[PDB]
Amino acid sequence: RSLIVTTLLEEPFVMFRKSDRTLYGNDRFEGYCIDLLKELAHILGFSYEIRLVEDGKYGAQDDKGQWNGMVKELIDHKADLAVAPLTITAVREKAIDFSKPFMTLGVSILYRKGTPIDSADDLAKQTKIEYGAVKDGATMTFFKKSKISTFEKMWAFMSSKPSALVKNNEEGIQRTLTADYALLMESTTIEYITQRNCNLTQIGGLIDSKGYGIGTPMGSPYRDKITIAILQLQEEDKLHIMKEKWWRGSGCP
């Protein structure tokens, strides 16, 4: 029996391979998470089938507590693994079994260069510059439930204007380029664009300390096996090599 792997298209984690031949099966995909998935399959000795999740979402719960996206697939036993930049959160951990993190990140700010803005505190105290995050993502949920006075003031801004929240990273990146808009985005993706689009930069440091984990249904025996494999991959400096493999662009002066 092969494992069902649900995932999403997100640079540079999972991308479509380009080729002259028509590609079938797992051959269609490439990226950091694809290399990580082949490495886990190598260590644990299993075959898998990659399926893009249909609703194209990571996992948010509605007012009635029901989930969507990849997290729902794991809950409904419709998938064995969720290999994607799936942020480890307490609410998601109460529904699925996260492996230990394979990559660290924190929430930060994507914005233009040449601005006296030095922190998220500067965005909260002003109104001319609009800010937001990907709707129903981990970052937006952080601001929604946070009690820090600065982040409470920022969430009142995002929730009041529905256009402040973007559908995905691509729209948020586009909005920071076409309007006076700052995107609250996870640091790993910020590092990826700031090395390829020299117009954008990171503002301030990291506001929190989180990680990406491999999602499994609760009670899955593969969680602890993947955790140990991720630990072996880190100690062998291989998570370091394959991250530098996909994150290194031309750079920005």
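Heads up: residue numbers just count along the shown sequence, starting at 1.
Set 102-110 against 143-151 and average the Cα temperature factors; 143-151 ends up higher. For the pair 179-187 and 122-130, the mean Cα B-factor is higher in 122-130.
As recorded in the PDB entry, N197 shows the highest C-alpha B-factor of the residues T216, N26, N197, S209. Remark: of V166, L86, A79, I96, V166 shows the highest value [criterion: C-alpha B-factor in the PDB entry]. In the deposited entry, the Cα temperature factor of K72 places it in the middle third of its chain's modelled residues. Annotation for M158: CA B-factor lies in the highest third of the chain's modelled residues. Sort the modelled residues of the chain by CA B factor and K57 lands in the middle third.
Per the deposited record, the Cα B-factor of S250 falls in the highest third when ranked against the other modelled residues of its chain. Per-chain ranking of the deposited C-alpha B factor places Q66 in the highest third.
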